[PDB]
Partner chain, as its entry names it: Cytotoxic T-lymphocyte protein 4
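Below sits a lone chain in structure tokens, taken as the form solved without its partner chain.
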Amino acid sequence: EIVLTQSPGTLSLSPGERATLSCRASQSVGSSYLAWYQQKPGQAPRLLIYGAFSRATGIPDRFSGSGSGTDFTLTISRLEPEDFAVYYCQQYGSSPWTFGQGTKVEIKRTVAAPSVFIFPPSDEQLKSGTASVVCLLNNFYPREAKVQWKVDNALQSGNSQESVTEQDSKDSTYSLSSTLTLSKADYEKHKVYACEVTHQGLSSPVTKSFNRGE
């Protein structure tokens, strides 16, 4: 029941800058049997640090581990583009071989406000008996945004789903899509459909809307 807690959950730095990742243990790893692993997108992890300060064979010199007891740290001294991955800490040698939950290092850029678009459900979908309304948040940074749906200025909840792209390779922004699910009967009852977006890059929330059948 040992819990390794990694912090922060996400770490946002520029390339060339130093990265510091932390691993706090619920109880003391007296043996210093602590490992750090790198997992690049779409790949199996690779061992980076063992014994909490020992560099694994074939690991670049900019990776380094330190700490003892309940607190361990991984330092990446100069973030290369290949270094923007997820990192796990691990205690080995004993009962559960427990892992930390992982720290993701993403690329930091200046704030970008999303371009918002709303899409009414298509006639083909309505002919099949369902109704999906889609709001798109395009090319924004940072990743945190909030999207509220209003059907005739009535706030929805529990009937929307959202998916987020991974960080774009050319401009390091994110895109987000929100899909409101209504019964076809419900969509035909109300007139005005709006999505309201709040983001760091917006001075006040931007609202894009449409009235049904227009």
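Positions refer to the first chain, counted from 1.
Absent from the display: the form solved in complex with its partner chain. The rest refers to it.
Taking the partner from the other structure, its partner chain in the entry with it bound has no heavy atom within 4.5 Å of any heavy atom of residue 81. Among residues of the shown chain, residue 33 is one whose heavy atoms approach its partner chain to within 4.5 Å in the entry with it bound.
Using a 4.5 angstroms threshold between heavy atoms, residue 94 counts as touching its partner chain in the entry with it bound. Not displayed here, its partner chain is approached by residue 50 to within 4.5 Å at the level of heavy atoms in the entry with it bound. Residues with any non-hydrogen atom within 4.5 angstroms of its partner chain in the entry with it bound fall in just one of 184 to 192, 61 to 69, 25 to 33, 147 to 155: 25 to 33.
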